[PDB]
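Engineer: So I've got this experimental structure, pasted below with the sequence.
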Amino acid sequence: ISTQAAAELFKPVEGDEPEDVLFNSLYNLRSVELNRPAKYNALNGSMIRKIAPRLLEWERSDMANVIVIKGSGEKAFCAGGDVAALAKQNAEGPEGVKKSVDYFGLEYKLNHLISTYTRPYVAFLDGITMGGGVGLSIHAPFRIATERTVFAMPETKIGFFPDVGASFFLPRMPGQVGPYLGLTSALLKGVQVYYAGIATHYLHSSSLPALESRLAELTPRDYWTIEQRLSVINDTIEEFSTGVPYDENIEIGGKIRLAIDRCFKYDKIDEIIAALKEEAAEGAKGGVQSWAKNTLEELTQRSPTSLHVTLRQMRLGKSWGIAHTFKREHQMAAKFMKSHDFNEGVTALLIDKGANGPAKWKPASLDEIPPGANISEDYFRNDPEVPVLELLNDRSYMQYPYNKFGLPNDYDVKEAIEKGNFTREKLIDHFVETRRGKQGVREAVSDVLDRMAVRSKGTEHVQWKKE
Amino acid sequence: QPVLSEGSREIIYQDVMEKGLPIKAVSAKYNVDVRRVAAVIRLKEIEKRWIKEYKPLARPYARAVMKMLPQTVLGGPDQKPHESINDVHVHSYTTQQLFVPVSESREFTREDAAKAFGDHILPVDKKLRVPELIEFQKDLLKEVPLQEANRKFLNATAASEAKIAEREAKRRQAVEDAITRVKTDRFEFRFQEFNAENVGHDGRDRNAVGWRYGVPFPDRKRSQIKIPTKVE
Amino acid sequence: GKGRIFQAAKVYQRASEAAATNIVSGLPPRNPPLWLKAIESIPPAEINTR
Amino acid sequence: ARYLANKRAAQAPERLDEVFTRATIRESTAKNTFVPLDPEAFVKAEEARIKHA
Amino acid sequence: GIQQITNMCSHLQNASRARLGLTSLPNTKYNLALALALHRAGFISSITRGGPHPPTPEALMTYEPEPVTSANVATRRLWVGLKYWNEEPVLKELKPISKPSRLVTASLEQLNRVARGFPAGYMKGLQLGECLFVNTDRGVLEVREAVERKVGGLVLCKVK
Amino acid sequence: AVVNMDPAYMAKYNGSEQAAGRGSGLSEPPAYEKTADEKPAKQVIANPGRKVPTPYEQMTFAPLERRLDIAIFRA
Amino acid sequence: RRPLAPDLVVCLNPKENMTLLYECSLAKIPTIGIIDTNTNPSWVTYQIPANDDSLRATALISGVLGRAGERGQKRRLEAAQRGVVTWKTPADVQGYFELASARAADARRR
Amino acid sequence: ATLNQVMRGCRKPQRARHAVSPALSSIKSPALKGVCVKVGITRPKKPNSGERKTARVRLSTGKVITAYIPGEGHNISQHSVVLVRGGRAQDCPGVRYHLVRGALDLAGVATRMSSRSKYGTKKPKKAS
Amino acid sequence: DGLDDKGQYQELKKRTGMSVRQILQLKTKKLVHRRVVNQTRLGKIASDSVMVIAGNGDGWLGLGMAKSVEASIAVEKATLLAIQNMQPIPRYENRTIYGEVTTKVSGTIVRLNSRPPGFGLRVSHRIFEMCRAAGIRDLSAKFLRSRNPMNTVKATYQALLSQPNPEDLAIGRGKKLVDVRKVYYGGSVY
RNA sequence: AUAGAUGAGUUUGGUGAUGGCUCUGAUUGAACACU
RNA sequence: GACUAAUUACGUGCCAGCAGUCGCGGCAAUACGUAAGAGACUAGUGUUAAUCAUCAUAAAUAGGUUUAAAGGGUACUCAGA
Ligand SMILES: [K+]
Ligand SMILES: [K+]
Ligand SMILES: [K+]
Ligand SMILES: [Mg+2]
Ligand SMILES: [Mg+2]
Ligand SMILES: [Mg+2]
Ligand SMILES: [Mg+2]
Ligand SMILES: [Mg+2]
Ligand SMILES: [Mg+2]
Ligand SMILES: [Mg+2]
Ligand SMILES: [Mg+2]
Ligand SMILES: [Mg+2]
Ligand SMILES: [Mg+2]
Ligand SMILES: [Mg+2]
């Protein structure tokens, strides 16, 4: 896409505020500050039409060597998207329903660009990050969390389905956490986002201004591979680490983590809830009864259609490509505008501000949906009316090229054991040495060895429990 | 540097005269400068005159001198091009050191470079003596058959020579329309017309017609050219 | 000026250029210092900026 | 012909690549040059008279 | 008045010579024009008008200044963010050309010649890195921005 | 002086790559790193033979070559 | 061969000895120093703002840098046992090899 | 100086420098004829020692100047019409002119072989 | 090969690390030759302060100064001291300097301008020796205030090391500094 | 009209400055001397 | 002699003389006068006078004034900037 084509595709449609996003350029650093603190920097049409030209333009030059996206306020980075407006437009006939589909087109176009960006992309998660704000960071190789970070996807509560590229991400995460975070719409605060795996680094909010100054000093050579450029930044972001809290323990770990892998491995919501009921039932061996009971209360308070549809793509999104995912999500989200749950949930929650009581999904509960009925299939059939989404480029892949910057997950610990003879204590030192003192590596690796590691041959060797 | 062999000069002569090929094509074919191709024809024409008038040529001197200079026989056995046919004069404006501050992501092209050097300057794409080559090379980038690429080249060059001849024809025909030839008993008076009001705004103009008033004879100045400057 | 011209912030720049080409024009430049590649991707921090 | 060309260049749109690669200067600073009279001037004077008294 | 631009040019030299991060300037319609030019050319970091104390550095661009009424116009001031790279200031010299004692004006034919390293009038050719700012009816443009717009006028300062 | 410019480069490229980077052109690794590398880097895009210096010094007595008597001696 | 020069100096009291740091910048050598509140930060390449008058902080900073070198030396030796040298012959010693072949070439012919 | 002080005429011409031969420089003449008034010997100053062959001459204008006689031996006496050219005997205060040797009455050195043009000596004509 | 039969380049052969045959291929010239004198208790003691430039012809130049009672020995000191002080000098298209430079050394100011190709070294005699030795071929210098032989060489040598770096100015301003001459000719015409 | 901007000798026991003098370039409606 | 391309011998001995500037000559003078050689221009070659430039050496473009030429004894103030 040339400058003229891009500039002509993102024309400043009437109503676009002039200073929605604030751009700045230092030496080697290009920044993008979402300037809408009143509404928690909520993404919308006007905001997306100002970022796409810049990102495309900054990708043609070799001067811009580091891209940084951040929020303007001190509470939120990008809390959701313009869900409220979509609902109104959806209630004005087909002409108004296609406007919403066009908005999702822009968002997916941007997310794909950020994911297939040819330059280092950093995102300061200094504040709550939900909905649209989850699409500007997850696909980046550097996602800096802070004390104020609050991660969640409260989209299944409004009838919608997590879709800012989540289908590519969540599936390909360690364990069944990705579905859990989507279906349950859990709330992760502070360092828990770092341990979970969403974020790559964890710095204090006060040390972000001094990080930008350093990122500007970095001047890479034109012959350095994309890997080298990322390595330099990764080592630079670790220079400002103040250390994870001393008291806060891994939230989703140990028992709770094991319970997630035992209740989020099936392909039917009915089976999943059936498993949770067992854990909730007193005397369960797991010891997660409290968590189990609490989880059910939240699962029985969301649109049943979204649950079925959401879980459906978690199993199908593990094989799609990033480019194919966005194209499908567009058609997928286009049918949600015509659905009744979405138009109802949004209006009854955000619009009404919770007045008139709880929302009223078209199916009252999962029990109403008979077993032999599959409602998921209908959405996963692109219609000819909605044209296929046209991305800004052709770059694609099956798995994230450089998503190794974060804390070691099960995939890393597993690989290490299958290529070495480390012990219980000697294996931890291996990862602490390779990462040279990354905060939380000793704790994270220890947790992995407390869930999928057995003392098969004593202290001499360590093997996985699966076998 | 090598010199066109005797047999080579004839090949260039026959191509232009017998086959009536455009000079630009013959130059691009054998990698010979258009200024040299035109000279070989002029020199060869004089030879035809000498042979037609039964004049003795300097064959003993020609053969002896040709063995002391490197030669480039054209045709089948062509190893290297005779010379560069794309040399562009280094204009004085283009020799300056200019670092123009532009946007970090700007696509600065030769067109923009010409405008930075000056306002009336052209890019090197228009200063070539055979500009049709660029158009011919653009066809090879579009996977156009070589045979058709040469066809377009010939037509382009051939069409260009027609325009040049037309302009030259109109010019000479328009220059003879201003001259009135009045034959007399002894001579033929040639009265040329011209606008007597084109003397600039202060009377000083280079292309004016008349002996200037207010100038003393400069015969006493140093380095005063008093020799013919051109032979027509 | 009782001080002296310190250039500790430009050791890489100066050294990198000196190791670009050889002093004997028409030869491959000899191997650079061992430290030139170590601090290649670690530029110094900005100083003296109130 | 020369007058239109010159008038067309002085009223031409800024280059696109120079619009997408410039730090954003807030409008409040770069365009609010007008200095209006204080709307609360009358209340302040009436309140300042008592204080001085 | 042109005396303001001269004071502004001299001040930015001293501020950069002292290696300061921020710099204050009297809030005037003229100073702002030249400041935007320096920013549009890449010499200064940011421009924000505020009170006698500098705004919150962390939120410089997010800083929302209050309206400039006749009740506080006397305390308003322009805060410029100086730029330094490679242990060297980016705004080293700001020699002025049009002083209060004489307003030097240049034509389009002279600016074209000065923008290629050739003297013309009371000016000198521009060398590598140097830059000239001319105040015209189209604002305080750069010599190369005024050449593409085919204008001329008052020459403010030569930026090296 | 003159400069040779082949039409091949003219067609493909329009001189935009000569400004990539910071204006002077995309930098390339030094000569001491290349020898260690097994595979050589891609060649830079430019006209053929566009780095040799032109001998201006050896043109002082060019005006004498226009003399009619010197031109005969050179023939 | 002429004597060696340090490829990196780690000073713990730049304020005291400025003659060493000046020779490093004069000979194009990087340096590391503990810059206090009254020490000129332009003397060393990499500053470490801290208290230099404390024998307890100096031991900590030096210890951390010591472990850095130790960890670095470990990787180098681990890469040398795999036939992967992380450094090429210096220019000085490199010249000797060239001269060695020249002297050896004579023996081949003669 | 300020632009105002220059409108008032603060840029005046530099103070003139005295010429080497004022009598000639004044009227822009390369030489002048004069009747010799006295033929004497002037003495050099601090560094130099010897006896210079000067001559008090009364130029056509009327000024009475002291010239210098270059060469070995002269042929002029009282009331001798001699041609005076510019110059100066550096080590002789008051002598700021020379005398052409091939002049009206002053005869060139007859025993001069080198630099005859400077002393007005015809070629020996040994063979011719 | 018996070239150094005086023991003068043996020490220099270690610092710079190159054969004597390559040391003798450098362009050396004595620019300044003063006759200084110091009044002491034993009478006047005259010395010969000399300045020698050791050039490469392809971008490297070095300035050395030394004094001694003997003029011959003073020249060897500056030569050895100048061959080891060689530094790379940036030069646009290997023929001229970048832009313009103005260096001041205690009352001696030198202004060097970058001239187009085919301009020649229209400079003074001392600058010519340095430009001819460093590898420059087109330059236009000027002594604005004073013409001290020594400071003239120090100021102009310090000016060739203070040329504006077009790449540092670009990263500083965030703007490209494109050489129009290179884009126009599709390369660098040396 | 885009190639056009240049120095040298001489103050001091010595160095760096200030500041003149002189030479280096071009020329004449020129004179003179030797030709 | 150096500036300034180009050397020895003899004669003279602060004498005779050369000299644009610095200077040379007091008994083995590369500087004076002869001889030879060398460097260079050439039907012209030198010298004298004058002009521009050198000279930012009256500086509008474009200077400077603590110790080097040069801040008024002072500041209220008309004109004027
Ligand atoms: K924030
Ligand atoms: K003297
Ligand atoms: K007085
Ligand atoms: Mg201390
Ligand atoms: Mg005297
Ligand atoms: Mg003789
Ligand atoms: Mg002076
Ligand atoms: Mg004294
Ligand atoms: Mg000589
Ligand atoms: Mg004589
Ligand atoms: Mg003699
Ligand atoms: Mg004649
Ligand atoms: Mg006083
Ligand atoms: Mg008085």
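Structural biologist: Yep, that arrived. Numbers count the residues shown, from 1 in each chain, chains lettered A, B, ... in the order given. Ligands and ions are numbered 1, 2, ... in the order given.
Engineer: Tell me how many other residues surround the residue of chain F found nearest RNA strand K.
Structural biologist: RNA strand K sits closest to residue F:61 of chain F, with a gap of 14.8 Å, by C-beta to the nearest atom of the strand. No exception for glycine: its C-beta is placed from N, CA and C like everyone else's. A count of neighbours around residue F:61, defined by other C-beta atoms under 10 Å in any protein chain shown, yields 8.
Engineer: And for stretch F:36-51, what's in contact with it?
Structural biologist: Here stretch F:36-51 makes contact (C-beta atoms under 8 Å, 6 or more residues apart in numbering or on different chains) with A:223, F:4-6, F:9, F:13, F:17-18, F:25-26, F:28-29, F:34, G:88, I:185-190.
Engineer: Drop anything exposed from those.
Structural biologist: The neighbour count (16 or more other C-beta atoms under 10 Å in any protein chain shown) marks F:4-6, F:9, F:13, F:17-18, F:25, G:88, I:185-189 as buried among those.
Engineer: so the spatially most central residue of chain C is in which element?
Structural biologist: Residue closest to the average C-alpha location in chain C (C-alpha atoms, centre = their mean): residue C:12, at 2.5 Å. Assessed by DSSP states H and E, residue C:12 sits inside helix C:11-18.
Engineer: still on that earlier bit, nearest to residue H:104 among the buried ones among the contacts of stretch F:36-51?
Structural biologist: residue I:189 (68.7 Å; C-beta to C-beta).
Engineer: which one is the closest one nearest to, not counting chain neighbours?
Structural biologist: residue F:3 (5.7 Å; C-beta to C-beta, 6 or more residues apart in numbering or on different chains).
Engineer: Pull the contacting residues for residue A:295.
Structural biologist: With C-beta under 8 Å, 6+ apart, residue A:295 has these contacts: A:184, A:276.
Engineer: can you tell me the helix or strand for it?
Structural biologist: Using DSSP H and E, the element containing residue A:295 is helix A:289-299.
Engineer: Same question for residue I:110.
Structural biologist: Going by DSSP H and E, residue I:110 is in strand I:108-114.
Engineer: so, in contact with RNA strand J or not, that strand?
Structural biologist: Yes - Strand I:108-114 lies within reach of RNA strand J by C-beta under 7 Å from any atom of the strand, at I:108, I:113.
Engineer: I'd like to know how far the closest residue to residue A:10 other than its chain neighbours sits from residue A:130.
Structural biologist: Nearest residue to residue A:10, sequence neighbours excluded (C-beta to C-beta, 6+ apart): residue A:49, at 4.1 Å. From residue A:49 across to residue A:130, the span is 21 Å (C-beta to C-beta, to the nearest Å).
Engineer: Settle it for me: which of those two has more neighbours?
Structural biologist: residue A:130 (23 against 19).
Engineer: which residues of chain E fall in helices?
Structural biologist: Along chain E, counting by DSSP state H, helices occupy E:2-17, E:29-41, E:108-114, E:143-149.
Engineer: just checking: which of the buried ones among the contacts of stretch F:36-51 also lie near RNA strand J?
Structural biologist: Counting by C-beta under 7 Å from any atom of the strand, no member of the buried ones among the contacts of stretch F:36-51 is near RNA strand J.
Engineer: for residue 61, what are its contacts?
Structural biologist: In the absence of a named chain, this looks at chain A. With C-beta under 8 Å, 6+ apart, residue A:61 has these contacts: B:104-105, D:21, I:176.
Engineer: that's the wrong chain, I wanted chain H
Structural biologist: Neighbouring residues of residue H:61 by C-beta under 8 Å, 6+ apart: H:23, H:27, H:32.
Engineer: Next up, phi/psi of it, please.
Structural biologist: phi -60, psi -40 (degrees, to the nearest 10).
Engineer: and the gap between it and residue H:24?
Structural biologist: 10 Å.
Engineer: Residue F:13 too?
Structural biologist: 73 Å.
Engineer: repeat for residue B:168
Structural biologist: Distance from residue B:168 to residue H:24, by C-beta to C-beta: 66 Å.
Engineer: For those two, indicate the residue with more neighbours.
Structural biologist: Higher neighbour count among residue B:168 and residue H:24: residue H:24, with 22 against 10, using other C-beta under 10 Å.
Engineer: For the more buried one, give its distance to residue H:66.
Structural biologist: Note on residue H:24: its distance to residue H:66, by C-beta to C-beta, is 14 Å.
Engineer: RNA strand K contacts on chain E?
Structural biologist: Residues of chain E lying close to RNA strand K by C-beta under 7 Å from any atom of the strand are E:101, E:122.
Engineer: Can you pull up the residues of chain E that come close to chain I?
Structural biologist: Within chain E, the residues that sit near chain I (C-beta under 8 Å from any C-beta of the partner chain) are E:41-43, E:83, E:85-86, E:88, E:90, E:127-130.
Engineer: tell me the two of those residues that are most distant?
Structural biologist: So, these by C-beta to C-beta: farthest apart are E:83 and E:127, at 20.4 Å.
Engineer: Looking at those two, which is more packed in?
Structural biologist: residue E:83 (23 against 17).
Engineer: Can you report phi and psi for the nearest residue to that one once chain neighbours are set aside?
Structural biologist: In space, and not counting its chain neighbours, residue E:83 is closest to residue E:90: 4.1 Å by C-beta to C-beta, 6+ apart. Backbone torsions for residue E:90, taken as degrees, to the nearest 10, come to phi -90, psi -10.
Engineer: quick one: secondary structure of residue B:113?
Structural biologist: In three-state terms, and counting by DSSP: H, G, I helix; E, B strand; the rest coil, residue B:113 is helix.
Engineer: Any buried residues in stretch A:247-259, and which?
Structural biologist: Applying a neighbour-count criterion of 16+ other C-beta under 10 Å, the buried positions in stretch A:247-259 are A:250-253, A:256-259.
Engineer: And the helices in chain B?
Structural biologist: In chain B, the segments counted as helices under DSSP H are B:6-17, B:23-30, B:34-52, B:59-66, B:110-117, B:132-141, B:146-177.
Engineer: Could you tell me how far the most centrally placed residue in chain H is located from residue H:19?
Structural biologist: Nearest residue to the geometric centre of chain H (C-alpha atoms, centre = their mean): residue H:97, 1.7 Å. For residue H:97, the distance to residue H:19 equals 11 Å [C-beta to C-beta].
Engineer: what do you get for residue I:8?
Structural biologist: 56 Å.
Engineer: Likewise for residue A:43?
Structural biologist: Counting by C-beta to C-beta, the gap from residue A:43 to residue H:19 is 90 Å.
Engineer: Go ahead and confirm residue A:388 touches residue A:327.
Structural biologist: Yes - if you go by C-beta atoms under 8 Å, residue A:388 and residue A:327 touch, sitting 5.9 Å apart.
Engineer: and residue C:34, how many residues sit next to it?
Structural biologist: With other C-beta under 10 Å as criterion, residue C:34 counts 14.
Engineer: Next, give phi and psi for it.
Structural biologist: According to degrees, to the nearest 10, residue C:34 has phi -70, psi -30.
Engineer: Surely it and residue G:85 touch.
Structural biologist: No - counting by C-beta under 8 Å, residue G:85 is not a contact partner of residue C:34; they are 11.6 Å apart.
Engineer: what's the closest of the helices of chain B to residue A:201?
Structural biologist: Nearest to residue A:201, of all the helices of chain B, is helix B:110-117, at 42.6 Å by C-beta to C-beta.
Engineer: Which secondary structure state does residue G:23 sit in?
Structural biologist: Residue G:23 - assigned by three-state DSSP - is helix.
Engineer: Look up how far residue C:11 lies from it.
Structural biologist: From residue G:23 to residue C:11 the distance is 12 Å (C-beta to C-beta).
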